[PDB]
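> PDB, C-alpha atoms, file data.pdb:
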MODEL        1
ATOM      1  CA  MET A   1      45.033  74.702 184.518  1.00  0.00           C
ATOM      2  CA  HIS A   2      47.454  76.169 182.006  1.00  0.00           C
ATOM      3  CA  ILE A   3      49.962  78.930 182.645  1.00  0.00           C
ATOM      4  CA  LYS A   4      52.416  80.292 180.105  1.00  0.00           C
ATOM      5  CA  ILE A   5      55.076  82.981 179.953  1.00  0.00           C
ATOM      6  CA  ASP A   6      54.046  86.077 178.035  1.00  0.00           C
ATOM      7  CA  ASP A   7      56.386  88.986 177.415  1.00  0.00           C
ATOM      8  CA  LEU A   8      54.653  92.201 176.419  1.00  0.00           C
ATOM      9  CA  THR A   9      52.055  90.577 174.197  1.00  0.00           C
ATOM     10  CA  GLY A  10      48.303  90.116 174.014  1.00  0.00           C
ATOM     11  CA  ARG A  11      45.784  92.940 173.961  1.00  0.00           C
ATOM     12  CA  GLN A  12      43.261  91.213 176.192  1.00  0.00           C
ATOM     13  CA  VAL A  13      46.145  89.990 178.316  1.00  0.00           C
ATOM     14  CA  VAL A  14      47.843  93.367 178.508  1.00  0.00           C
ATOM     15  CA  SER A  15      44.473  95.052 178.867  1.00  0.00           C
ATOM     16  CA  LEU A  16      43.635  92.844 181.824  1.00  0.00           C
ATOM     17  CA  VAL A  17      47.038  93.521 183.336  1.00  0.00           C
ATOM     18  CA  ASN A  18      46.302  97.178 182.694  1.00  0.00           C
ATOM     19  CA  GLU A  19      42.703  97.540 183.807  1.00  0.00           C
ATOM     20  CA  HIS A  20      39.757  95.339 182.910  1.00  0.00           C
ATOM     21  CA  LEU A  21      37.237  96.219 185.593  1.00  0.00           C
ATOM     22  CA  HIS A  22      38.670  99.548 186.689  1.00  0.00           C
ATOM     23  CA  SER A  23      35.634 100.118 188.877  1.00  0.00           C
ATOM     24  CA  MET A  24      34.707 103.678 189.767  1.00  0.00           C
ATOM     25  CA  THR A  25      35.671 105.360 193.017  1.00  0.00           C
ATOM     26  CA  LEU A  26      33.219 106.955 195.419  1.00  0.00           C
ATOM     27  CA  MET A  27      35.918 108.209 197.758  1.00  0.00           C
ATOM     28  CA  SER A  28      39.286 109.748 196.972  1.00  0.00           C
ATOM     29  CA  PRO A  29      40.958 111.853 199.672  1.00  0.00           C
ATOM     30  CA  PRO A  30      43.690 114.367 198.811  1.00  0.00           C
ATOM     31  CA  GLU A  31      47.100 112.843 199.423  1.00  0.00           C
ATOM     32  CA  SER A  32      48.455 110.660 196.644  1.00  0.00           C
ATOM     33  CA  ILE A  33      46.127 109.820 193.779  1.00  0.00           C
ATOM     34  CA  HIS A  34      48.934 109.176 191.324  1.00  0.00           C
ATOM     35  CA  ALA A  35      51.056 106.179 192.242  1.00  0.00           C
ATOM     36  CA  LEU A  36      51.095 102.697 190.759  1.00  0.00           C
ATOM     37  CA  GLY A  37      54.508 101.707 189.458  1.00  0.00           C
ATOM     38  CA  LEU A  38      54.751 102.254 185.721  1.00  0.00           C
ATOM     39  CA  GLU A  39      58.513 101.840 185.755  1.00  0.00           C
ATOM     40  CA  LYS A  40      58.252  98.674 187.814  1.00  0.00           C
ATOM     41  CA  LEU A  41      56.692  95.749 185.988  1.00  0.00           C
ATOM     42  CA  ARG A  42      57.954  97.185 182.722  1.00  0.00           C
ATOM     43  CA  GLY A  43      61.597  96.689 183.624  1.00  0.00           C
ATOM     44  CA  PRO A  44      64.503  94.238 183.370  1.00  0.00           C
ATOM     45  CA  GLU A  45      64.794  90.935 185.196  1.00  0.00           C
ATOM     46  CA  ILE A  46      61.018  90.751 184.994  1.00  0.00           C
ATOM     47  CA  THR A  47      58.818  87.878 183.887  1.00  0.00           C
ATOM     48  CA  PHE A  48      55.063  87.791 183.416  1.00  0.00           C
ATOM     49  CA  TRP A  49      53.201  84.517 183.784  1.00  0.00           C
ATOM     50  CA  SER A  50      49.929  84.188 181.910  1.00  0.00           C
ATOM     51  CA  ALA A  51      46.956  82.022 182.804  1.00  0.00           C
ATOM     52  CA  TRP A  52      44.679  80.573 180.151  1.00  0.00           C
ATOM     53  CA  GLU A  53      41.648  78.643 181.339  1.00  0.00           C
ATOM     54  CA  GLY A  54      40.211  77.159 178.167  1.00  0.00           C
ATOM     55  CA  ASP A  55      40.186  78.883 174.797  1.00  0.00           C
ATOM     56  CA  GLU A  56      40.253  82.302 176.420  1.00  0.00           C
ATOM     57  CA  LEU A  57      42.674  84.012 178.772  1.00  0.00           C
ATOM     58  CA  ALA A  58      42.074  83.438 182.465  1.00  0.00           C
ATOM     59  CA  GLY A  59      44.474  86.060 183.766  1.00  0.00           C
ATOM     60  CA  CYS A  60      48.116  86.977 184.235  1.00  0.00           C
ATOM     61  CA  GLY A  61      50.668  87.505 186.980  1.00  0.00           C
ATOM     62  CA  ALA A  62      54.109  88.921 187.675  1.00  0.00           C
ATOM     63  CA  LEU A  63      57.013  87.313 189.496  1.00  0.00           C
ATOM     64  CA  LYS A  64      60.475  88.627 190.277  1.00  0.00           C
ATOM     65  CA  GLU A  65      63.332  86.808 191.968  1.00  0.00           C
ATOM     66  CA  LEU A  66      64.158  87.951 195.480  1.00  0.00           C
ATOM     67  CA  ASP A  67      66.213  85.406 197.385  1.00  0.00           C
ATOM     68  CA  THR A  68      67.471  81.870 196.898  1.00  0.00           C
ATOM     69  CA  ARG A  69      64.265  80.632 198.483  1.00  0.00           C
ATOM     70  CA  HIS A  70      62.167  83.780 198.581  1.00  0.00           C
ATOM     71  CA  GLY A  71      59.593  84.967 196.074  1.00  0.00           C
ATOM     72  CA  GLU A  72      57.341  87.991 195.732  1.00  0.00           C
ATOM     73  CA  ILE A  73      54.244  88.685 193.671  1.00  0.00           C
ATOM     74  CA  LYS A  74      52.905  92.046 192.559  1.00  0.00           C
ATOM     75  CA  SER A  75      50.086  91.503 190.092  1.00  0.00           C
ATOM     76  CA  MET A  76      46.845  89.565 189.830  1.00  0.00           C
ATOM     77  CA  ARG A  77      43.407  90.039 188.321  1.00  0.00           C
ATOM     78  CA  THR A  78      40.057  88.489 189.160  1.00  0.00           C
ATOM     79  CA  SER A  79      36.413  88.608 188.144  1.00  0.00           C
ATOM     80  CA  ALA A  80      37.152  90.140 184.763  1.00  0.00           C
ATOM     81  CA  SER A  81      34.295  90.289 182.286  1.00  0.00           C
ATOM     82  CA  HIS A  82      32.264  87.719 184.182  1.00  0.00           C
ATOM     83  CA  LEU A  83      33.839  84.310 184.658  1.00  0.00           C
ATOM     84  CA  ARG A  84      34.029  81.962 187.621  1.00  0.00           C
ATOM     85  CA  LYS A  85      36.763  79.448 188.353  1.00  0.00           C
ATOM     86  CA  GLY A  86      39.756  80.935 190.128  1.00  0.00           C
ATOM     87  CA  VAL A  87      41.947  83.040 187.870  1.00  0.00           C
ATOM     88  CA  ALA A  88      44.089  84.185 190.772  1.00  0.00           C
ATOM     89  CA  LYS A  89      43.938  80.637 192.079  1.00  0.00           C
ATOM     90  CA  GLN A  90      45.230  79.378 188.751  1.00  0.00           C
ATOM     91  CA  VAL A  91      48.044  81.909 188.676  1.00  0.00           C
ATOM     92  CA  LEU A  92      48.740  81.667 192.388  1.00  0.00           C
ATOM     93  CA  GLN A  93      49.125  77.976 191.649  1.00  0.00           C
ATOM     94  CA  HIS A  94      51.820  78.641 189.075  1.00  0.00           C
ATOM     95  CA  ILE A  95      53.422  81.122 191.443  1.00  0.00           C
ATOM     96  CA  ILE A  96      53.836  78.491 194.133  1.00  0.00           C
ATOM     97  CA  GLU A  97      54.606  75.835 191.548  1.00  0.00           C
ATOM     98  CA  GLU A  98      57.225  78.021 189.908  1.00  0.00           C
ATOM     99  CA  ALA A  99      58.877  78.525 193.276  1.00  0.00           C
ATOM    100  CA  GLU A 100      58.397  74.837 193.979  1.00  0.00           C
ATOM    101  CA  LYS A 101      60.432  73.857 190.941  1.00  0.00           C
ATOM    102  CA  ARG A 102      63.190  76.276 191.872  1.00  0.00           C
ATOM    103  CA  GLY A 103      63.088  74.980 195.427  1.00  0.00           C
ATOM    104  CA  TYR A 104      61.632  77.806 197.482  1.00  0.00           C
ATOM    105  CA  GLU A 105      60.431  77.639 201.067  1.00  0.00           C
ATOM    106  CA  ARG A 106      58.794  81.040 201.348  1.00  0.00           C
ATOM    107  CA  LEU A 107      56.594  83.372 199.335  1.00  0.00           C
ATOM    108  CA  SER A 108      55.870  87.049 199.865  1.00  0.00           C
ATOM    109  CA  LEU A 109      52.916  89.131 198.741  1.00  0.00           C
ATOM    110  CA  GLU A 110      51.608  92.683 198.775  1.00  0.00           C
ATOM    111  CA  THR A 111      48.651  93.160 201.089  1.00  0.00           C
ATOM    112  CA  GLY A 112      47.195  95.777 203.403  1.00  0.00           C
ATOM    113  CA  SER A 113      43.494  96.560 203.537  1.00  0.00           C
ATOM    114  CA  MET A 114      41.656  97.287 200.309  1.00  0.00           C
ATOM    115  CA  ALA A 115      38.614  96.176 198.349  1.00  0.00           C
ATOM    116  CA  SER A 116      40.781  94.727 195.606  1.00  0.00           C
ATOM    117  CA  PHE A 117      43.061  93.178 198.200  1.00  0.00           C
ATOM    118  CA  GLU A 118      40.374  92.309 200.719  1.00  0.00           C
ATOM    119  CA  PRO A 119      39.610  89.193 198.663  1.00  0.00           C
ATOM    120  CA  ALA A 120      43.194  88.817 197.507  1.00  0.00           C
ATOM    121  CA  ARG A 121      44.181  88.360 201.132  1.00  0.00           C
ATOM    122  CA  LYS A 122      41.438  85.774 201.470  1.00  0.00           C
ATOM    123  CA  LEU A 123      42.653  84.002 198.355  1.00  0.00           C
ATOM    124  CA  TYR A 124      46.139  83.718 199.799  1.00  0.00           C
ATOM    125  CA  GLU A 125      44.941  82.622 203.218  1.00  0.00           C
ATOM    126  CA  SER A 126      42.957  80.027 201.306  1.00  0.00           C
ATOM    127  CA  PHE A 127      46.168  78.789 199.732  1.00  0.00           C
ATOM    128  CA  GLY A 128      48.027  78.513 203.018  1.00  0.00           C
ATOM    129  CA  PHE A 129      49.243  81.965 203.980  1.00  0.00           C
ATOM    130  CA  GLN A 130      50.053  83.010 207.526  1.00  0.00           C
ATOM    131  CA  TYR A 131      50.643  86.455 208.977  1.00  0.00           C
ATOM    132  CA  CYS A 132      54.227  87.661 209.167  1.00  0.00           C
ATOM    133  CA  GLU A 133      56.410  90.740 208.891  1.00  0.00           C
ATOM    134  CA  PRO A 134      55.231  93.369 206.398  1.00  0.00           C
ATOM    135  CA  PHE A 135      57.206  94.280 203.300  1.00  0.00           C
ATOM    136  CA  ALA A 136      55.678  94.625 199.855  1.00  0.00           C
ATOM    137  CA  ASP A 137      56.354  97.931 198.140  1.00  0.00           C
ATOM    138  CA  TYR A 138      55.181  99.903 201.150  1.00  0.00           C
ATOM    139  CA  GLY A 139      55.620 100.439 204.871  1.00  0.00           C
ATOM    140  CA  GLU A 140      53.653  99.282 207.891  1.00  0.00           C
ATOM    141  CA  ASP A 141      50.486 101.124 208.839  1.00  0.00           C
ATOM    142  CA  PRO A 142      47.551 101.167 211.270  1.00  0.00           C
ATOM    143  CA  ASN A 143      45.268  99.970 208.500  1.00  0.00           C
ATOM    144  CA  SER A 144      47.415  97.412 206.718  1.00  0.00           C
ATOM    145  CA  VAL A 145      47.806  93.669 207.118  1.00  0.00           C
ATOM    146  CA  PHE A 146      50.601  91.468 205.827  1.00  0.00           C
ATOM    147  CA  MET A 147      51.355  87.763 205.636  1.00  0.00           C
ATOM    148  CA  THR A 148      53.723  85.192 204.185  1.00  0.00           C
ATOM    149  CA  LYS A 149      53.373  81.843 202.456  1.00  0.00           C
ATOM    150  CA  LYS A 150      55.205  78.948 204.065  1.00  0.00           C
ATOM    151  CA  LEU A 151      55.832  75.998 201.777  1.00  0.00           C
TER     152      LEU A 151
ENDMDL
END
Show me, as structure tokens, the structure contained in the file I just sent.

Amino acid sequence: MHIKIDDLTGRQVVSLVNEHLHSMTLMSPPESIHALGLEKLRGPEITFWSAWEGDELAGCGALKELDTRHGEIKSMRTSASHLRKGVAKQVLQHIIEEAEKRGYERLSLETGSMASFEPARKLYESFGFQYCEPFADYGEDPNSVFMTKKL
């Protein structure tokens, strides 16, 4: 629809990128309940793509260069207040498009097996994503799925 490049700006945009839904948890085992990546997105050589679907923000997304023809995404919101269209779809579109312009032939993503990812994985597979070697910002696991986007 309409994606722009926002750099640390927009309350609703930053808020969304921060936590819009932030649903409650009904299960939290003792292990590591304090890990996200504060000093990750908020770093150098980083660019945030915004998605505006109309007069209001649709969502945002992050993208960092990896290889000459390899891209990776680590950010995406959906649902939000209560809108239907395809925020992630819109962004995901710019993600692929962005790589398309550059001339990429592969796209990585961070998956596994979560409620927030459950659909995310479906969104990707709906865009043309096939299973492949795991990577993301984690390591393989018995309860984790990974895939790659082939242009």
> Taking the file above as input, evaluate the PyMOL selection byres ((chain A and resi 67) around 12) and report the hits as a list in words.
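Residues picked by the PyMOL selection byres ((chain A and resi 67) around 12): residues 64, 65, 66, 68, 69, 70, 71, 72, 99, 102, 103, 104, 105, 106, 107 and 108 of chain A.
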> Sorted by chain and rising residue number, which residues of region 19-63 of chain A lie within 12 Å of region 114-127 of chain A, and what are their closest atom pairs and distances in Å to one decimal, counting all atoms listed in the file, as JSON lines?

{"residue": "A:21", "atom": "CA", "partner": "A:116", "partner_atom": "CA", "distance": 10.7}
{"residue": "A:22", "atom": "CA", "partner": "A:116", "partner_atom": "CA", "distance": 10.4}
{"residue": "A:23", "atom": "CA", "partner": "A:116", "partner_atom": "CA", "distance": 10.0}
{"residue": "A:25", "atom": "CA", "partner": "A:115", "partner_atom": "CA", "distance": 11.0}
> Could you pull the residues within 10 Å of region 87-89 of chain A, counting all atoms listed in the file, minus those fewer than 2 positions along the same chain, as a ChimeraX atom specification?
/A:1,51-53,57-61,75-80,83-85,91-95,120,123-124,126-127
> Give the padded box for region 89-94 of chain A as lines of an AutoDock Vina configuration file: axis-aligned, covering all atoms listed in the file, 3 Å on each side, centre and edge lengths in Å to one decimal.

center_x = 47.9
center_y = 79.9
center_z = 190.5
size_x = 13.9
size_y = 9.9
size_z = 9.7
> Kindly give the distance, in Å, that separates CA of residue 29 (chain A) and CA of residue 134 (chain A), rounded to a single decimal.
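Atom-to-atom, CA of residue 29 (chain A) and CA of residue 134 (chain A) are spaced 24.3 Å apart.
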> What is the distance between CA of residue 31 (chain A) and CA of residue 138 (chain A), in Å to one decimal?
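Value for the CA of residue 31 (chain A)-CA of residue 138 (chain A) distance: 15.4 Å.
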> Any idea what the distance is between CA of residue 2 (chain A) and CA of residue 98 (chain A)?
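Going from CA of residue 2 (chain A) over to CA of residue 98 (chain A), I get 12.7 Å.
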> Step by step, work through what the PyMOL selection byres ((chain A and resi 109) around 8) selects in the shown file, and finish by giving those residues as a list in words.
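So the PyMOL selection byres ((chain A and resi 109) around 8), applied here, picks out residues 72, 73, 74, 107, 108, 110, 111, 136, 146, 147 and 148 of chain A.
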> Just so the selection is clear, what residues does the PyMOL selection byres ((chain A and resi 7-13) around 10) cover here, as an mmCIF file with C-alpha atoms, keeping the file's coordinate frame?

data_model
loop_
_atom_site.group_PDB
_atom_site.id
_atom_site.type_symbol
_atom_site.label_atom_id
_atom_site.label_comp_id
_atom_site.auth_asym_id
_atom_site.auth_seq_id
_atom_site.Cartn_x
_atom_site.Cartn_y
_atom_site.Cartn_z
ATOM 1 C CA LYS A 4 52.416 80.292 180.105
ATOM 2 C CA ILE A 5 55.076 82.981 179.953
ATOM 3 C CA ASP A 6 54.046 86.077 178.035
ATOM 4 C CA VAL A 14 47.843 93.367 178.508
ATOM 5 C CA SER A 15 44.473 95.052 178.867
ATOM 6 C CA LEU A 16 43.635 92.844 181.824
ATOM 7 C CA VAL A 17 47.038 93.521 183.336
ATOM 8 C CA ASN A 18 46.302 97.178 182.694
ATOM 9 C CA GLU A 19 42.703 97.540 183.807
ATOM 10 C CA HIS A 20 39.757 95.339 182.910
ATOM 11 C CA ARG A 42 57.954 97.185 182.722
ATOM 12 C CA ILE A 46 61.018 90.751 184.994
ATOM 13 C CA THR A 47 58.818 87.878 183.887
ATOM 14 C CA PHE A 48 55.063 87.791 183.416
ATOM 15 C CA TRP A 49 53.201 84.517 183.784
ATOM 16 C CA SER A 50 49.929 84.188 181.910
ATOM 17 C CA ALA A 51 46.956 82.022 182.804
ATOM 18 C CA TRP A 52 44.679 80.573 180.151
ATOM 19 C CA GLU A 56 40.253 82.302 176.420
ATOM 20 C CA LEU A 57 42.674 84.012 178.772
ATOM 21 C CA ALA A 58 42.074 83.438 182.465
ATOM 22 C CA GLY A 59 44.474 86.060 183.766
ATOM 23 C CA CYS A 60 48.116 86.977 184.235
#
> Tell me which of A:96, A:44, A:112, A:28 sits closest to residue 149 (chain A), counting only C-alpha atoms.
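The closest residue to residue 149 (chain A) is A:96.
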> Let me make sure I understand: among A:39, A:135, A:130, A:54, which one has the smallest atom-to-atom distance to residue 150 (chain A) if we use all atoms listed in the file?
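Checking each candidate against residue 150 (chain A), we get A:130 as the closest.
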